[PDB]
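The chain below stands alone and is given in structure tokens; this is the form solved without the DNA.
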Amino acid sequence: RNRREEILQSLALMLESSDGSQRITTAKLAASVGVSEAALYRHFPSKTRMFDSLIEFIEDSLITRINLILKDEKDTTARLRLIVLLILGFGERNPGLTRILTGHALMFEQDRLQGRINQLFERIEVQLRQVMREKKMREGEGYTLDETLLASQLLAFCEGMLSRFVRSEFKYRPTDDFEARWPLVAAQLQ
């Protein structure tokens, strides 16, 4: 219920703390919300389910935000800019959810969790190639380079920004100087 949400947010926070270089315990978490260790399981069968709900929140957020973009912008280049900004801003506002995107927070959790993350990225990348291909349908003159290279190139930029954000201890924010960086990234597109 309402308590369910309040439990996930506490975890995302702990995931961004030193806990991530460690291991979140059902004990350390039930008190955060105040409820009993047992009452915690009334909303979550296990700690793994909590991660899933977090991963699921992540995919819903990204996927849904991307869909909106494609309806507010008809331009290919502008759509690409927004998708990257979207992934960088999301990370920045959710330092804990980023440690999952980067895998660091899944090291001592069900390796199956990394799988979901890996599938999510492929999903992102696939959406990115789909967008770039349409440039020929929208602008006639499309990209003279394979969309698979371009899309991966872009997602690598995003992942590299998130990775630098995590290791630096959230010091180097993903969006800092984004608009100054984007033109350099767009220069890679053809």
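Heads up: residue numbers just count along the shown sequence, starting at 1. If you superpose the two forms and keep the largest set of C-alpha atoms that fall within 1.5 Å, you have the rigid core.
- Comparing the deposited coordinates for 34-42 and 123-131, the stretch with the larger average C-alpha B-factor is 34-42.
- Of the two segments, 4-12 and 179-187, the one listed with the higher mean B-factor is 4-12 (C-alpha atoms only).
- Out of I69, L54, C158, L29, it is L29 whose C-alpha atom has the highest B-factor in the PDB entry.
- Listed residues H104, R112, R93, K74 were ranked by CA B-factor as deposited; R112 comes out on top.
- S152: CA B factor in the middle third of modelled residues in this chain (values from the PDB entry).
Quick note: we don't show the form deposited with the DNA bound, though the next part is all about it.
- Contact with the DNA in the deposited bound form, defined as a heavy atom within 4.5 Å, holds for exactly one of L68, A156, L145, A39, namely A39.
- Residue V35 is the only one of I124, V35, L150, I55 with a heavy atom lying within 4.5 Å of the DNA in the deposited bound form.
- In summary, the region of this chain contacting the DNA in the deposited bound form, judged by heavy atoms within 4.5 Å and restricted to 157-165, 45-53, 125-133, 58-66, corresponds to 45-53.
- Taking non-hydrogen atoms only, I24 approaches the DNA to within 4.5 angstroms in the deposited bound form.
- Although the partner is absent from this view, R4 stays clear of the DNA in the deposited bound form, with no non-hydrogen atom inside 4.5 angstroms.
- Core superposition between this form and the one not shown leaves every listed residue (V35, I124, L150, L54) with a C-alpha shift below 2 angstroms except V35.
- Relative to the superposed rigid core, the position of the CA of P174 differs between this form and the one not shown by less than 2 Å.
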